[PDB]
Structures are given as C-alpha cells and as structure tokens.
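Cβ coordinates were reconstructed from backbone atoms using ideal geometry, including for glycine residues, and neighbour counts include every protein chain displayed. Only the coordinates and a few stated rules stand behind these numbers; no lab work does.
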Amino acid sequence: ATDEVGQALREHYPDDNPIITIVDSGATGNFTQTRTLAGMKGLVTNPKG
Amino acid sequence: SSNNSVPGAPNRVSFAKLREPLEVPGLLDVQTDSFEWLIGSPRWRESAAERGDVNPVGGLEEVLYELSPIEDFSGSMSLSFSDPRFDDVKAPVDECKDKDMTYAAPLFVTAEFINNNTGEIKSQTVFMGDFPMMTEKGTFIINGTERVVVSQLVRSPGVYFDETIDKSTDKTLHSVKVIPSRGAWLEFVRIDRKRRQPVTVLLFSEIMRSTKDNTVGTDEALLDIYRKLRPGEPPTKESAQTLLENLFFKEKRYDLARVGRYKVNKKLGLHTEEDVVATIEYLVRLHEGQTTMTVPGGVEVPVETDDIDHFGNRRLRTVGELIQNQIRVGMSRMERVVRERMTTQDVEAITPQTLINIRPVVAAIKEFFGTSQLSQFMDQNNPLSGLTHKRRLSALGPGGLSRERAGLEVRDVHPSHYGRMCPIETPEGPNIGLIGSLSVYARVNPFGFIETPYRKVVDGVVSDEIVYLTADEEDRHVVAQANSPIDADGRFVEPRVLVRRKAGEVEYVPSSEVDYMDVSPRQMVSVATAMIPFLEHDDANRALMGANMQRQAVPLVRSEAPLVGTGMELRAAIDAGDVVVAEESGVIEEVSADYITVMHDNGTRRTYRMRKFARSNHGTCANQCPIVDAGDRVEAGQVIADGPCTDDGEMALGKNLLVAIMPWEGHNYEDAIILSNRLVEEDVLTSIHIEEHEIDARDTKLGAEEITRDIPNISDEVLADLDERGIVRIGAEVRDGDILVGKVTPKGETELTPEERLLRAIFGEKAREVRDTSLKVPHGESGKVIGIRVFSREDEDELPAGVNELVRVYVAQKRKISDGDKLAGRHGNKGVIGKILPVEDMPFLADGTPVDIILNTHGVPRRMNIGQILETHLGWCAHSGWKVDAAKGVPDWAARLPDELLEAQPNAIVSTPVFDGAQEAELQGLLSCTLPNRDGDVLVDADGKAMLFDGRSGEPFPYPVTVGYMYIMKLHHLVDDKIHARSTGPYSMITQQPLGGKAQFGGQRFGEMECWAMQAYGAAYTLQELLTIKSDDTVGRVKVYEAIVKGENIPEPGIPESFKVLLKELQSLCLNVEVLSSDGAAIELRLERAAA
RNA sequence: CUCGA
DNA sequence: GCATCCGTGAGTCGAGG
DNA sequence: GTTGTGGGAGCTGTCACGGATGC
C-alpha cells in the first residue's frame, strides 16, 4: 500500500514541481522522503526492532 | 480562545476544536509538593487530607519514627525524637546569592531521654542543623549558586520474574529477582554473589519435586549458608543461626519497603515468610505457565514475567525522598555515637544534648547537595531552561544504573510513558533516552509512581469526573482518545471508538466498552515540546531538536511574543517563575524601574523588587520590567512584570522575522542563514551577556599578595580607569587586555632578572620585589563594567584560609547578531548565519519591504519538518490580518473550527495547539482572504508566495517565492564565545604541553586520528613540527619563537618532554628502560648568552 | 556533570 | 575432559563550573 | 593511658571474545 501511494504521488506530481525537481536532479534527498511527506510514512519499527 | 483563566493574559485566539476539561497543574508541583511532604507543611497536610488517608507523616517525621527509640542493649535507657520544627530562614535568597551562603533554616526536635531504672525523663529541644531550603521557584541555593534536584528513575522495591532462553536447546528458563528497600537481594536460591545454590537445600511441583537435594533437618540448610556465604571461619552451629535470623526477619538490617511491600503484597496476597513461600510457588507455576496461582491464604495472582521498564514497576524518587534518604544516613551515623556514648557515661547525668552529635547529619546533607549527581547547576539560559530542568527525570546517579551499564532497551520509549514522560524531549548526545521530562498533566504520587488524569466514562458517556491512574491501573482499563467525536452530554457519535489496552496496542471498540478518556491531546507531551506549532507535521528527530533548542534561546534586550504559538507560552512563562505575579488582588500604588507596590483592598501593602540586569548561571541577562501603570487594578495571579524571555506574560523566546524561502547566491548553502542588516541596526537579535571576573589576594610562601593600583612599570595612562584601590571604575569601558583589578604577588630574590638585580642595586631600590599578577580581561571580551563587589579580611568578611582580599568585577556586553551566530526555528531547523546583507540588496516585496531572513529551500523537504512552512503561512496571515467572507453563508472550509477566527486585525496573536488547532484546509482558506497593505495591494497570493526583486541587480526574481513570518530564536552558540586562537601560552607542568581550553588560552589538540591523516599525506616534517616544537620541545619552541622574531629559519626539532616522562613512569614501574646509540651504551637525558 | 558538531 | 571465570576492547574534537 | 553492651558501604539493568585456571 505504501509503494502504491508513492506511485500515485509520483504520477500526480508535475515534473517541474520543486519537490520533484530537487530530488530527481540529484540535488538532495530521496523519494522516500517525498513519499512520507505527502502520501504516507508507512510502517514504523518496534522498540525491539 | 485560550488563557481565559489567567487575569490580564492577552487574547491569543486558538484554532482548537476541543474543550479543555482540565487545566495544567502546577508545573513546579513535582518539586514543591515533594519538599512540602519532606517538611510536613500545612499545605501538604491539607493536600494529603484531600487525596490521602487520615494518618499522614512527612519525610522527617517518618525518619524520626524509624529511628526511635535509640535504646541501650540492656534496655536500660531509651532516647526518642519527635516534633520536627523549623525556625525562620537565616538570610533571604538574594542575600545568600550575594554572600555565597546556603539558604537554610535551623531544624529543631524534641529529644526525650528515659532511664528505665531511675524513671528520670528529661525532655529537651535539640537543634539538628541548618537544613537547606527550597525556594519559591523550586530550587536551592548552595554556596551562593542556584541548584536543582532532578528526580531520579529507579526500580521500586519488589519481586520481578523474567523469561530467558538457555544456550542448551532454546529452553524457556524462568528467573526471579527481589529488589529491597534496603539490604541485599537474591535470585533463583543463589544469594549475594554465590551461585550453585539449590533452591531446596535451604528450606504437583514439577521440578520442585525433582530437587537432587540430599539432606534432612534444619541444621543442614543452616550450616550450608554459613559455609557458602560466610567464608574465612569454621562451620559453627550458632553463628549461622544468628546470621540467618538477622538476614531478612530482622528489620534493622533488612528494610522492607513501603512501596515495595505494597507492590509485593499486590503480586502475591493481601497480607516475610509468607512472601518467600508465595515466591517459590510463583517461580514453580511460572515454569509451568498457568494463568493464575493459588497460594495458602492468598489468591488471584497472574503468573507472568514482569517488565523492568514499565512505569508501574519503575518509580522516581523526587527531591523529598533523596533528601530523606541522605538524612536517614546522617541519622544512623549519629545513632551509632549515641549508643556508643550511652555505654560509657553514667546515667541520670546524660541529657539529650550530651549524647547527640549532629556533625554526621550536617556532613551528610552537605555532601548530598554538593556532590550528588542529582544536585545540578540550574540550567537558566532562559525561563524554559529552568522550567524543564525542574520537571526532568534522569535514570543515572547513585542508586540507579550506570551511564555504561545502561544499554539501549533502557532508552526506548515504553508505551507506559504515555502521559507520564514525554517521548520527544530527550538529548541527542550520549545521555539520549536517559534524561526525559515530565509530561504536562502528569503528577507524581505518594509511592513515587507517575499518575496521569483521565475523564471517567459511564455507559459510553464522557463525564467530567477526573481520576488519576498509575501505569498499572491504566493498563487494566481501556482509555479512549482525546480527539474522539463526542456529542454534547458526553456521548460518542461514532458507533465505536479508538482506544488503548494493556498490551500497549490500539483497538476500535464499541462505545459501551470504554472506561476512561484522555483529558486532552498533547497529554503525552512535555512543556517545551508542547510549544512547537504544527508538531504533528514534524518528524520526531527535528521535533526533539526543536524542544532542545527552545531550551537554548538567549534572552534578548527586548522580547517579542511569537505571532503564532501554542497555548503554552503563557502558562509556561508563569509557572517558570521569572515573571512577577500579583500574589493578592489590589491596585498599583507605585511603579518604578526598581519596584512595584500594590495596595490590597484590605489596606495591605505588598511590594515587589525587580531583578535588574542580573547575571544568570550561563551569562544570560535576567532583567524584569513592569507592565502595570500607577492606578491600575490588578487581580490575583495577573502578571505584573515581564521577565527575561517573556512578553505580557507569554514565553517569548525569539522574534517574528520576515522569511523568504529560496536559495540566494549560495550564502545560505548547506544550512547557512542570510540576515537583513536591519536586525543589527534595530537590535532585533541583540542580547546582553554578563560575565563575572573574580580575583583574590591571598597568603603565599614569600609573603602575602596585595591588591594595589601601584603595579610595576605600568603607564599612568593604562591605569587611567583604575580607582585608588587598583580596581577598575564602574561604567568604565574595558577592551581585552585592560586591567580589572591590580594585584602584586611577592616575588623571590632568585627570580629577579640580572637586569632587575642591577636596577634595584644601582638606584637603591627597595626590597618589595613583587610580580604583576593583576587580573586582566581575557581575549575576545569587552564591555562596560556593570558592577564591583569586594570582600576584605580586615572587615568581618568570611573568606577561606590565607585569603586576605577578594574582588569581583561584573562586566556586561551588548552582542549584536553576527556572522557565525546560531539561529533556529521551533522545528529543529537550526543554522549559523552565513552573511548579513545590507538592507538594500535583500530581496524585497512589491512595496519595497525587504525580507529579514532567507532560508535555503534545499533544507526543508528532507528534514521532514514542513511544520516551519505551515508556520510561515499562518504567520503571514497573522501579520496581515484577514476577513472570511460571511455573506451568503460561512464557507465549508471555515465551517468546522472557526468561531472568532473569521476575522483578525493585523499583528493578531493566534495559538495553534499541537494535535489540535490549525487544519490545512483552514490555513489555505485564511491565505485566500489576506488583507492588503497600505495601498490596498495583496502581496502574498493564495499559495503563500509573492514576487520579489533582486536588491542587487534590480530585476525581479522570475518565480514567486514563499514569503511569510517565522519565529526565530537566537540560540546560545555565538562566535564571540567560540572564536579562539593562540600563538603561544601556558603549558602544563606535568606533560609540558599547552594547556587546554579557551578560558586558559589553550592550544588545539592534534589528536591521534589527525596524526593518521597527516601520515596518510606523507607530511613527515609537518607532523614532527606539530608534535615537537609546537607542543613538547621545551627549548625547541623558544628557539622557534626567537627564530621567527629575527627572520631566521626554523631550527631542527629536539625531543618531546612527554617521552622523557613516559620513560620516568616506566622506571617507576620497576622497568629498566634505556636509550642506546648505534653501537654504544645508554644515552643520558638532561651562561655565555646572558653575559652578552 | 550538562551540553555542541 | 574441558566449562567458568576473568580480564580486555567498545569515535573524535569543542564549551562552561 | 586506654578494662561494663560491639560485622560497611559500594554494584547491584552492558556486550562479545578469547584463553588460562581449576574441579
């Protein structure tokens, strides 16, 4: 479900959107951050791990 | 719609949609109520009558009951202590700070002595010592410095079972441990670091029947304990009996806890030996795995392994209890000498005063407050620092675990911390996970367990009856959530509700299954954390950083409350205790920059002295200003004067800055920050920093120093600012290097240079022969001399041995924001100032308004703290004001929350609570109806962006930029404090290397990894030079200086003194080390220039 | 002891 | 014949008091 | 010169490893 929402996000975003431009150009950051910012963070770890 | 309870508190409109069914408790109660228990004040009497049984006993009363009566071995005499009373306080707080005293009160007790064979009963009032006292703000004053007693986390007494797995076949192996209030412990029956102990060799059972054990009778199990734990002595029949009877049955040695006894009796049975039988049955029936267990006389106990981090088995010992335990230690050390004197002296001639030596109790209290890891230098950079410091909980210290024996599971957020210990506020460094802060609404209970409040739920009906539950009680119930839909009359609208159960897991249960409900969202948060707008929009790393950095803001000369905040600023400022608050409602009778007098209605006068330009423990400036005018009618609790970081009663840790979010010419590259020079010209980030230089004239071998304005061969002009005493004059501007207090130190005759010898001979000089040891101002420091304090041995001023005079110069400096300074928002978005641009080349809006701060875009998205962006948008809204169009109805986006937020004047004060308040849709809506500027121009569009001009070329920037208003704090990390260089300075007498630290004008350390780096380059000569003629070559370095001064090449390097010292240490280890030539014996290590 | 990278 | 008990490792550089 | 009664504070929430020792 997380990967699907990330995919829908990457589709909906215009490619000149600044949050996309900054990641794609290789400037800084990955798309997992784009996905947790808009979309959903997904599963989070346990105190055990 | 917040702050209605506090009179005069400004009107901060709140986006919240939930009613607050419970106000914040006394944010210092964690400290006060503890100390008031320790002392037995009427406050605590009433507070225990309201929520406690009828027989209360304070800390000192309890210590006395436990100690009474001091009895002779023959039972011939008995001493009994009772009725602890306090006199008034010795000296006020400011007086104790000034004189370097300890705020304290004399402690008195009634000591009744009885001789059982003479009937003589001579009662007496004995004095126990100067008991240090807790101030209004919840601190102590020791040696004139203010200190906090941080609550400690420790395992409450009781028995605990766990389930390990053996390295044999992964078999489920049970184990147990009994932690006592006092004494030794045991495990399964291994006891006191002596393993190989069969559980059946000391007395349906699965393995209890299997015990392997070969013995019968009671002498075998009695002798085995003396032969297995008391070695160095033959096996006897009486000594083992005596030790076994004095081990756990004896109450003097083994102190059965009260909290511990409660926990254990709750674990086994309502009503020692019974306990040990129940424990053996528990371990057995846990090795089996049965749900419940039936013990003789006791019933209804679940067979389960206990969690060591659960807040129902992990207590904290507040200041009261730490003090109580130190007092108990002192009291036992006194009782020892009391009995030891009862023995020797004659009866009927010994009064309570004659056999009661208080020296050990005084020494115990002193050692506690002066060496305990839990009596800490009060963090008081600003009010929030101190407020969180008092509410803090740490697990290190004497009695807890070790900073190195504390693994990672200790530092993990346990689900029972919900509403008790905030999960965000904790250090980033080594102490992470070990130091938390008490949750906002949390409250400690008599047993040291952290309780939290919940609203009672009766038939799916949220009531107003609040109840405080501990971790255990909470686990046993189902707690609804705070943001749960509720209709008026307390009725859940949805068919089911989200809730939390004992397993630390969430569920969606029908409404009729809920027991309690959260009192409010953010119930889990701490004070600092509760002040981050849009917290839920920030990742826990940057939020933790934001809390920690709020606790580092420096007070500014002029403080400005945040344009957009939470609801916590007011209550935080008030409880913190750095604002003056009207203790009694009246009318301001007089107001000055110095004091404020209020005439109560009953004719009473009360007056408050304003702290004016006070130096804090960390150099920040504590300076109060009144906010009342003569003739003003003030209600009780109303704020009378603002403190260091407060504005009209609200925590104002920073300023509202016009921010533009866009990369600007790289000067904000990689987290740097660009500031408009306005912030310098208008002192928007200027702060006051007050340092205290100190110097004493004392007794030396060659005589006694003297504080004198007459210093050897100093220019009359240099002393131009010294008074007749040799002390700088008040209001004098001191640059770095100037004299602050002249002082000469007796110099020996052998030290006089040949030049000085001849000078004193020819001109017939006197025999003073002193050295200039005057107190000069250290590098990178300057300012106006605020103050001068002086203490003379001549006068009746108490000083240490051999210390004649002692003067302290208090110097203030105004620090303007500068390149290098560290700023940050409330969202963990830190950065140093890369450049401060002229206002003219700052990007500016259409109306020429130049932005104040440029925050690089590249920094926002990866840190997961868009909270700052939402804050920027709402801040621009608040700076411009708005009017939602109501004609034809209220739009759907503004329908839900907005009540009096439908319109707002420019510079409106709004609060967006955490986990409630401003919703994204509502933010956008407000952004649509921004009011225009003077000329009716809307400058920020509905996206929150605006065109901007390049103040450098003149051309506009091609694309709209997000501009807004952001709250920026000046964190206490300033270049003026961190710049430091050294060409040559003092060295250590032991290693002969440069001293370390700026304060000592030290040198930088070229560490081992740096030498690795240097080698990797192959810079042999650089590494040698760094390690020989810059550090240790005692002749090489002076040669190098001499060669640089005379334009000569740098000499060849010699031998590091540290090597000679290593050789000497080896030798002292009986190791014969020796340096050898190519073909030779050991080389040895160890005038004409002067005559020239 | 707390804190900074 | 080996099983335990012990003794050794566990990042660097900076600031106060 | 000491002549009636007499066991203390401390860990005490670390882990992973390799090799004398000791029954």
message = If I ask for residues that are farther than 21 Å from B:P521 by Cβ, within 40 Å of the chain's Cα centre (by Cα) and hydrophobic (A, V, I, L, M, F, W, C), which ones from segment B:889-918 would you list?
response = B:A904, B:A908, B:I909
ask   = What residue, among those in segment B:392-416 that are closer than 18 Å to B:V150 by Cα and away from DNA strand D (no atom under 16 Å from the Cβ), is nearest to the other protein chains (Cβ to nearest Cβ)?
value = B:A395
ask   = Out of curiosity, is B:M334 under 43 Å from the mean Cα position of the chain (by Cα) and away from DNA strand E (no atom under 11 Å from the Cβ)?
value = yes
task = For A:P18, indicate whether it is farther than 22 Å from B:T857 by Cβ, surrounded by 11 or more Cβ atoms within 10 Å (Cβ to Cβ), out of contact with any strand residue (DSSP E or B) (no Cβ under 8 Å at 6 or more places or on another chain) and within 11 Å of chain B (Cβ to nearest Cβ).
result = no
task = Using the structure shown, decide if B:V884 is within 30 Å of B:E650 (Cβ to Cβ), more than 14 Å from chain A (Cβ to nearest Cβ), β-branched (V, I, T) and within 39 Å of the chain's Cα centre (by Cα).
result = no
message = Looking at A:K48, A:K41 in this structure, which one is within 10 Å of another protein chain (Cβ to nearest Cβ), of a type in the set (K, R) and under 17 Å from B:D539 (Cβ atoms)?
response = A:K41
key: Residue match in segment B:1071-1089 (condition: within 16 Å of DNA strand D (Cβ to nearest atom) and assigned to a loop (DSSP other than H, G, I, E, B))   = no
remark   = Residue pairs qualifying under the 6 Å Cβ cut-off, at least six apart or on distinct chains, with the first in segment B:540-567 being more than 14 Å from chain A (Cβ to nearest Cβ) and the second being of a type outside the set (A, V, I, L, M, F, W, C) and within 11 Å of RNA strand C (Cβ to nearest atom), are B:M545/B:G828; B:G546/B:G828; B:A547/B:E425; B:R551/B:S385; B:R551/B:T388; B:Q552/B:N381; B:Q552/B:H972; B:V554/B:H972
message = Need the failing condition index for B:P92 against (1) in contact with a helix residue (DSSP H, G or I) (Cβ under 8 Å, 6 or more places away or on another chain); (2) surrounded by fewer than 15 Cβ atoms within 10 Å (Cβ to Cβ), just the number.
response = (1)
ask   = If you check B:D723, B:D696, which single one turns out to be more than 16 Å from RNA strand C (Cβ to nearest atom), surrounded by 17 or more Cβ atoms within 10 Å (Cβ to Cβ), among the charged types (D, E, K, R) and farther than 30 Å from B:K830 by Cβ?
value = B:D696
In segment B:301-320, residue nearest to the other protein chains (Cβ to nearest Cβ) [restricted to those that are more than 10 Å from DNA strand E (Cβ to nearest atom) and within 17 Å of B:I435 (Cα to Cα)] = B:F311
query = Here are some residues: B:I833, B:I866, B:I788, B:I854. Which one is β-branched (V, I, T) and within 14 Å of chain A (Cβ to nearest Cβ)?
reply = B:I866
request  = Take segment A:21-38 and flag every residue that is of a type outside the set (V, I, T) and either at the interface with chain B (Cβ under 10 Å from one of its Cβ atoms) or touching a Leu at 6+ places or on another chain (Cβ under 8 Å) (or both).
outcome  = A:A27, A:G29, A:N30, A:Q33, A:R35, A:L37, A:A38
task = Answer yes or no as to whether A:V5 is within 11 Å of chain B (Cβ to nearest Cβ) and part of a helix (DSSP H, G or I).
result = no
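Here is a yes/no grid of residues against (1) in a strand (DSSP E or B); (2) within 16 Å of RNA strand C (Cβ to nearest atom):
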residue: B:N541; (1), (2): no, yes
residue: B:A547; (1), (2): no, yes
residue: B:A573; (1), (2): no, no
residue: B:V598; (1), (2): yes, no
residue: B:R611; (1), (2): no, no
query = Somewhere in segment B:530-549, is a residue among the polar types (S, T, N, Q) and in contact with a strand residue (DSSP E or B) (Cβ under 9 Å, 6 or more places away or on another chain)?
reply = no
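Conditions (1) on the phi > 0 side of the Ramachandran plot; (2) within 16 Å of DNA strand D (Cβ to nearest atom); (3) part of a loop (DSSP other than H, G, I, E, B), marked per residue:
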site: B:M966; (1), (2), (3): no, no, no
site: B:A981; (1), (2), (3): no, yes, yes
site: B:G985; (1), (2), (3): no, yes, yes
site: B:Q992; (1), (2), (3): yes, no, yes
site: B:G997; (1), (2), (3): yes, yes, yes
site: B:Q1004; (1), (2), (3): no, yes, yes
ask   = Limited to segment B:699-721, what total is found for residues that are closer than 15 Å to B:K776 by Cβ and within 40 Å of the chain's Cα centre (by Cα)?
value = 1
request  = Report, by residue number, each residue of segment B:694-749 that is farther than 29 Å from B:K814 by Cβ and small (G, A, S).
outcome  = B:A697, B:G703, B:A704, B:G748
request  = Would you confirm whether any residue within segment B:378-386 is away from every other protein chain (no Cβ under 14 Å), crowded, with 17+ Cβ neighbours inside 10 Å and within 16 Å of DNA strand E (Cβ to nearest atom)?
outcome  = no
ask   = Among the candidates B:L355, B:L387, which residue alone is away from DNA strand D (no atom under 16 Å from the Cβ) and touching a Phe, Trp or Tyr at 6+ places or on another chain (Cβ under 9 Å)?
value = B:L355
request  = Go over the candidates B:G436, B:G448, B:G429 one by one and state the one that is within 16 Å of RNA strand C (Cβ to nearest atom) and within 25 Å of B:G312 (Cβ to Cβ).
outcome  = B:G436
